[PDB]
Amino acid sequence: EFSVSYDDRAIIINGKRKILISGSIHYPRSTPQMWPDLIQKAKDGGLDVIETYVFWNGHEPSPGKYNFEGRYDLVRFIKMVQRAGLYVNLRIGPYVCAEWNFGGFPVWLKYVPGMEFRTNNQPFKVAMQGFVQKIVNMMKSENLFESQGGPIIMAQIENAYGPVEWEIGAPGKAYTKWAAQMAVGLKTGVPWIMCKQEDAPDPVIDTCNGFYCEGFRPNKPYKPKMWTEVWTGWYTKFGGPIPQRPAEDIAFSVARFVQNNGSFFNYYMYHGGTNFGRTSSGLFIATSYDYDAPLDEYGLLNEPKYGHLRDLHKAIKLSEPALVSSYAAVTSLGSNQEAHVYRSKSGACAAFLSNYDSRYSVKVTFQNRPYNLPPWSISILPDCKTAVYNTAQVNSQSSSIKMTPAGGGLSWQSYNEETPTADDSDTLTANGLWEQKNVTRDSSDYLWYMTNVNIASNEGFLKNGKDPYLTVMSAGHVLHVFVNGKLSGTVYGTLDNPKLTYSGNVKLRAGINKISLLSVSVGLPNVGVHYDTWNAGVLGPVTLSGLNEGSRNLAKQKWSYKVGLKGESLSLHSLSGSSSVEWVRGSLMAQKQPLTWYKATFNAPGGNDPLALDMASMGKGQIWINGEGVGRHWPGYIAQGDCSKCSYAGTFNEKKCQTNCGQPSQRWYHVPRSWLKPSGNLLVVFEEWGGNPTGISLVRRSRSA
């Protein structure tokens, strides 16, 4: 009475085959106050299924101490989908990639003894099985699986482990075996899937991800053809442009897949959202997760893409009866034109007329009628006759975005951050350089390295107007070199090269000298074989040269450590622990100073609109509102990349339609109304680089045609 299964044609919910349309929405990348609106917009967008990852490190920050409150209430979210009459594809992982901090693993797991991630490792296996069954049990015990009348029609184990397995060989294959048996062994009564996993054992369905997945078939002829990630654009990286994917192209790619026995297809993302706080975004991943998704980062309709995929869906749902009661038969129409036809014994008949020419329109003749086909398009004919839809004929209105002010300036106070120097009292030292995560345990982005440099009077450069040459190599991702409380300079990396080098002249008077290195991380890596074994922080080499000696290796001497900022230790970001300290009001408030906290109370503007903070006057740091981290800001990181103009037609790659070059990577920083009170709201910014807070404005977001 309540079962979901499959055959060679589709997933089978309660005995019937379904052509399921899905979309991705990650619950922590929005707020619970938004979830109903998103979900409603999704359903009205033509969606039958809501897809989401589970965010393990979000859910178990401490070993033992679990979190499921607020925007991490996973159970709350799914029931909100069920109340909408939509199904859920629950991609549990626990590895999730997702452009999410460390790929979803909690950092503490790294330091469990004997541990190795994503392999045939028994400490990893027990931990993963633990969190997985914990999550399956949770679903079970609120009867959320379709087996029990709930919305979960399938669950995913691991995530795209196939390419990693190829690289690591035998233990990888053992591991995927273990993971599949372990996951189905939880006896969920709905099917399990793995993406990018041809290896996948019965009864698990292997799926694919990509911009296009139409030539995919799964690894047994009795499993159905499922597309778990239709990439609806790309992610934004700090220092990169805003990537876009044209809607005619997404439609063509989906039509192409459905036309050749596509049965299940999920957009990634449908709502991308925001990487709030400092434990969400991954290595160099912008705070904005817009992704050119059908619902934009703020929850608004991204037209025309939203409406165009809505209409695609409508044409599919008209075709669905023919589609579940027949198979795809192809017929040549031309050198780059085909027809894919689903003729049922019953008599239902749907056909897809396609034109793979990326340059020229084409007219074909199909069952006595002509049909024009624009370049790079498919027409859907749910009755083998009427061309109700064509992937390239967009009949929704465009909609430009307007970010319009709502503040125009506020009343700011400033508190300046300690610039620490090495000290004989210092608690936490060692005789060499320590890897950052090992010291901070991802407790803060910031990790001070401090050491003493003895400079005697004999030294030659003291008489002449010379300076000695300091050279600091570090695994990433930002570095500020401080020489006797003097900031000498700042260096930073990229998503593809987070390693950095400072090398320059430093003023060292006679006596003991104080070298202080602040070493910043920008999220942790989330993808790559053994990505969890890459380093952050300074591990050198570190050398001082131009002296009576040749060069002095500062890496073989004593170093002191301070984890995080003093302002963090005083919790200057919260409601309670905010006014513990000496803040500076009025004209004395610091401009263009590095390592500076700011403060301001504001009232919630008028309107329904969603709101962001314009941060273009700022450099880099973290934003907080009423003690809740909006997330990192880095407008000082201007976007690089070849981003010339775009046509929907032709094979899409993610660099094809890029926008926003020469501008801040992210300038507007989404503020959830869900977090504001009508008056008395606390805004706390830690500016890292240097900025002018009097430029910080709120803005209202609105789209018009």
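Residue indices: 1-based, along the sequence shown.
Chemist: On average, are the C-alpha B-factors higher in 334 to 342 or in 414 to 422?
Modeler: For C-alpha atoms only, the mean B-factor is higher in 414 to 422.
Chemist: Using only the Cα atoms and their B-factors as the entry lists them, report which of 571 to 579 and 73 to 81 averages higher.
Modeler: Between 571 to 579 and 73 to 81, it is 571 to 579.
Chemist: At the C-alpha atoms, which of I378, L447, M128, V483 reaches the highest B-factor in this entry?
Modeler: Highest C-alpha B-factor among the listed residues goes to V483.
Chemist: Take the CA temperature factors straight from the PDB entry and tell me which of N101, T287, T601, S443 peaks.
Modeler: The C-alpha B-factor peaks, among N101, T287, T601, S443, at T601.
Chemist: Please place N355 in the lowest, middle or highest third of its chain by C-alpha B factor as given in the entry.
Modeler: As the PDB entry reports it, the C-alpha B-factor of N355 lands in the lowest third of its chain.
Chemist: Comparing against every modelled residue in the chain, figure out the third that the C-alpha B-factor of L309 lands in (lowest, middle or highest).
Modeler: Within its chain, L309 is a middle-third residue by C-alpha B-factor, going by the deposited values.
Chemist: Report the third (lowest, middle or highest) to which the CA temperature factor of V542 belongs, ranking only the modelled residues of the same chain.
Modeler: Highest third.
Chemist: How does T659 rank on Cα B-factor within its chain, lowest, middle or highest third?
Modeler: Middle third.
Chemist: Using the B-factor values recorded in the entry, state whether the Cα atom of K592 falls in the lowest, middle or highest third among the modelled residues of its chain.
Modeler: Answer is highest: the recorded C-alpha B-factor places it there.
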